[PDB]
Amino acid sequence: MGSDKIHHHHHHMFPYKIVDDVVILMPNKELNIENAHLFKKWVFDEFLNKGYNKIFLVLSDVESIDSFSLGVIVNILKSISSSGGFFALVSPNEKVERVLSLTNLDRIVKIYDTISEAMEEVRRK
Numbered sequence: 001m002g003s004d005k006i007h008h009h010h011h012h013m014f015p016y017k018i019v020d021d022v023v024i025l026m027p028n029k030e031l032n033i034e035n036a037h038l039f040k041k042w043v044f045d046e047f048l049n050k051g052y053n054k055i056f057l058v059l060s061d062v063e064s065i066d067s068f069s070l071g072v073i074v075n076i077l078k079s080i081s082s083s084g085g086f087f088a089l090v091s092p093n094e095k096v097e098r099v100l101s102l103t104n105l106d107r108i109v110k111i112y113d114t115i116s117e118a119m120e121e122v123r124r125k
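Given below as structure tokens:
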């Protein structure tokens, strides 16, 4: 709870998909500051409030991220972890894995090779 909800209707085209009860948030080349505070605000009302307790982040289509949204990624985990859910990542390319140690990303949020290794195992991890 906090800050005023003021967001007119001007969404572009969200890069993600939905799975059986799971949500695959597949960013490409747009994780700039203007899609970072709002990123959580979209996820909260597209998925989290909607009932979704399992998000995944594929990093295949993205070489890296800025320090700004790098902390929003954790924040989305913190919210889920408090709500009853889990969130994990997929195809963590070696360029992110190098920063994902150094910023405690993997050391907080789960990591898998594929979606499938996650999708049945975040169920039990």
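Per the entry's author numbering, the sequence shown starts with residue 1, numbered consecutively.
Every residue, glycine too, gets a C-beta built ideally from N, C-alpha and C.
Within the same chain, no residue comes within 6 Å of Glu34 by CB-CB distance, once the 5 residues on both sides are set aside.
Spatial neighbours of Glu63 in its own chain (CB-CB distance under 6 Å, excluding positions within 5 residues in sequence) are listed in chain order as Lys95. Counting every other CB atom within 10 Å of its CB across the protein chains shown gives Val23 a total of 16 or more, marking it as buried.
Following the DSSP letters along the chain, one finds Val58 inside the beta strand (DSSP E) bounded by residues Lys54 to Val58. Separation of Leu59 and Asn49 (C-alpha to C-alpha, rounded to the nearest whole angstrom) is 24 Å. Burial check for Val109: the Cβ neighbour count within 10 Å reaches 16 or more, so the residue is buried. The beta carbon of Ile65 sits closer than 6 Å to the beta carbons of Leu31 from its chain, once the five residues preceding and following it are set aside; these are given in chain order.
Within the region 32-102, the complete alpha helix (DSSP H) segments at least 4 residues long are 37-43, 67-83 and 94-102, listed from N- to C-terminus.
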